[PDB]
Amino acid sequence: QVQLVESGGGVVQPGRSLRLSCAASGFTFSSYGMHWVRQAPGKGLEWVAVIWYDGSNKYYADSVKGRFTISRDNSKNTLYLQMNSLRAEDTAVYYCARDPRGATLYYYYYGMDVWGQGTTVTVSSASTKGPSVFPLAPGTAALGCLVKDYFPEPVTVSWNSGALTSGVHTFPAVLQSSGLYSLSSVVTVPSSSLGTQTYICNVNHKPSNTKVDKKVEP
Amino acid sequence: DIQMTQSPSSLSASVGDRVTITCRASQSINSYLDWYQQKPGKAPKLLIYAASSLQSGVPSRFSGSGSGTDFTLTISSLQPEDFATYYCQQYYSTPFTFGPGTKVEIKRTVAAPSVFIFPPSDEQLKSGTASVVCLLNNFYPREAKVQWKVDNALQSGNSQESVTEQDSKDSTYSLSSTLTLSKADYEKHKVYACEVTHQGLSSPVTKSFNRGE
């Protein structure tokens, strides 16, 4: 029950600032180095910052140097990341991880051996907005739903209230030049069942408190 | 700073296979290298540290070697739970840099995509915009190319693609391409065509419709 719990994520306008917290428990926090690592949507792991077990020194990735500050409080078992002058390219899931750095087991034991769960930061000017849901009308037929112009992530889509799961492909959303997201969800069904079977995509966008049920018809 | 690279970018392997992937540093980093495993929508997990030491709790089929600028990670016998993305990371010098990752995916026979094209709905059109969708369904391998033509003229800059992860059941991928036009443009044209290129096809397949038929 060693655990790192991130918090502080959310939507933030470019140029504005945000603070992440990472609560540690179940181990001796003051004997571990700590890292922030981030992962942009669809991208690999990118390293952000490190700080040593006693907050001695701190180092930063070049792309965040001068704008981010890593800190820690060992009497609160917590690690922080102060993020200022946020840019679009800063949008990611942010992870904290602990790193023994030879403090334990072996003098060469260096690595991020425990991670938090991640917290999403989204940098954007866009306003919260629920999606429009358009049908993709149909021995096998394809049908689907186009879930368009929403902000922010995410939406969830199901078919016939979760009843229909085979042949369902719900694609990763794409960010449009508008700043609004779009995704489609499709399903292949036997051509025979059209007219006999009803197909309804269920879309919900919790940040808009929007829920839409769209019948997809031939 | 030190630059990390990996190879290959992706590899296709089967359960029971001996998998070997490599990591390269832009300069010598001695043995100061970590390997990580990450699965979609979850936190990375330390596999190897100091280039060859196994992290506690990690199956012995994993191992690692190298020192200086060249490193390898080897899975002696791939198990279903090893299909993931793997990252190296140097801690020799700050800033600490990850490699781009190597995606270990599930090999299957070639499968050509099934192509469907969808006209924009009446409902969308009433609101001034037209989206035309082309679906490439249940193909393997992942490399596929979609192209749009409107009245045989070649589109560019008005489409976006999305691809699913490898399906768990059949290990195929699916691809969505969306061609976005103004309602006014959409109605100045007749034939809309999606042309698909993929290893499973002898020659490209074209799906089209005529506007209002």
| note | Subset of the range A:102-116, residues surrounded by 21 or more Cβ atoms within 10 Å (Cβ to Cβ) and under 15 Å from residue B:51 (Cα atoms), comes to A:110, A:111, A:112, A:113
| query | Within the range B:194-209, can one find any residue that is touching a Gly at 6+ places or on another chain (Cβ under 8 Å) and assigned by CATH to the domain that holds residue B:145? | reply | no
| task | Could you tell me which of the residues B:50, B:84 is within 23 Å of residue A:114 (Cβ to Cβ) and touching a strand residue (DSSP E or B) at 6+ places or on another chain (Cβ under 6 Å)? | result | B:84
| Only one of (1) under 30 Å from residue B:117 (Cα atoms); (2) more than 14 Å from every other protein chain (Cβ to nearest Cβ); (3) polar (S, T, N, Q) fails for residue A:140. Which number is that? | (2)
| said: Condition (residue is within 7 Å of chain B (Cβ to nearest Cβ), more than 30 Å from residue A:54 (Cα to Cα) and out of contact with any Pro (no Cβ under 6 Å at 6 or more places or on another chain)) applied to the range A:152-163: is it met by at least one residue? | reply: no
| Inside the range B:49-104, can you point out the residues that are of a type in the set (S, T, N, Q), crowded, with 19+ Cβ neighbours inside 10 Å and over 27 Å from residue B:16 (Cβ atoms)? | B:89, B:90, B:97
| Where in the range A:75-123 are there strands (runs of 3 or more DSSP E), lying fully within it, with 1 or more residues that are facing chain B (nearest Cβ under 10 Å) and of a type in the set (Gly, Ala, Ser)? | A:92-99
| message | Restricting to the range A:30-54, name every residue that is more than 24 Å from residue B:98 (Cβ to Cβ) and either of a type in the set (S, T, N, Q) or surrounded by 16 or more Cβ atoms within 10 Å (Cβ to Cβ) (or both). | response | A:30, A:31
| task | For the range B:136-147, state whether one or more residues are out of contact with any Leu (no Cβ under 9 Å at 6 or more places or on another chain) and loosely packed, with under 15 Cβ neighbours inside 10 Å. | result | yes
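Ideal geometry is used to build each Cβ from the backbone, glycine not excepted, and the neighbour counts take in all protein chains shown. Basis: the model, the stated rules and, where named, an outside source; no laboratory read-out is quoted.
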